[PDB]
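**Q** what's the 3D shape of this:
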Amino acid sequence: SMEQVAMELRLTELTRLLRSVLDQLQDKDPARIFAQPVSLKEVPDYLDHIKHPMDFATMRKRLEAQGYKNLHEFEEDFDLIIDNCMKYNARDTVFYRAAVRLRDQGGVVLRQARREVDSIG
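**A** Numbers count the residues shown, from 1 in each chain. I have put the structure below:
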């Protein structure tokens, strides 16, 4: 149907905007702490701690399959990155501190993405 196509074009356009958001958020992680999944070879107990792991490569795979229906879904995954890190790692670690900085800096990017998603529909 034409309606299915129009809905598909909206998803595609949302996907394009989310890719730019994701690029901007990932620039706020220049050390690449959150680039890849936590290695279960190197942190074998990780899944006893963290029930829903997340990282930017895994978000990128979901994104390119047009797997985010709305900005809320994307934000949930970004929040998992930060929140998992702040539970597993102590306050006095380079990892926890990188999560705080990413959170604080990403807030700005996400604040305008919300306005753009609402605005463009």
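
**Q** for the most centrally placed residue in the chain, what are its contacts?
**A** Central residue of the chain (C-alpha atoms, centre = their mean): residue 78, 3.0 Å from the mean position. For residue 78, the contact set (C-beta atoms under 8 Å, 6 or more residues apart in numbering) comprises 25, 59, 106, 110. Bear in mind the C-beta positions are built from the backbone N, C-alpha and C, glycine included.

**Q** Pretty sure the first one sits against residue 109.
**A** Yes: assessed by C-beta atoms under 8 Å, residue 25 is found in contact with residue 109 at 5.8 Å.

**Q** ok, these two, which is more surrounded?
**A** residue 25 (21 against 18; other C-beta atoms under 10 Å).

**Q** From residue 60, how far off is that one?
**A** To residue 60, residue 25 is 11 Å away according to C-beta to C-beta, to the nearest Å.

**Q** Same check on residue 118?
**A** 24 Å.

**Q** higher neighbour count, the two?
**A** A count of neighbours by other C-beta under 10 Å puts residue 60 above the other of residue 118 and residue 60, at 15 against 9.

**Q** Enumerate every residue touching the more buried one.
**A** Residue 60 touches residue 22, counting by C-beta under 8 Å, 6+ apart.

**Q** since we're on residue 32, how many residues are nearby?
**A** There are 10 residues near residue 32, going by other C-beta under 10 Å.

**Q** hmm, back to that, determine which two of the contacts of residue 78 are furthest apart.
**A** By the measure C-beta to C-beta, 59 and 110 form the most distant pair in the contacts of residue 78, at 13.4 Å.

**Q** more crowded one of the two?
**A** A count of neighbours by other C-beta under 10 Å puts residue 59 above the other of residue 59 and residue 110, at 22 against 18.
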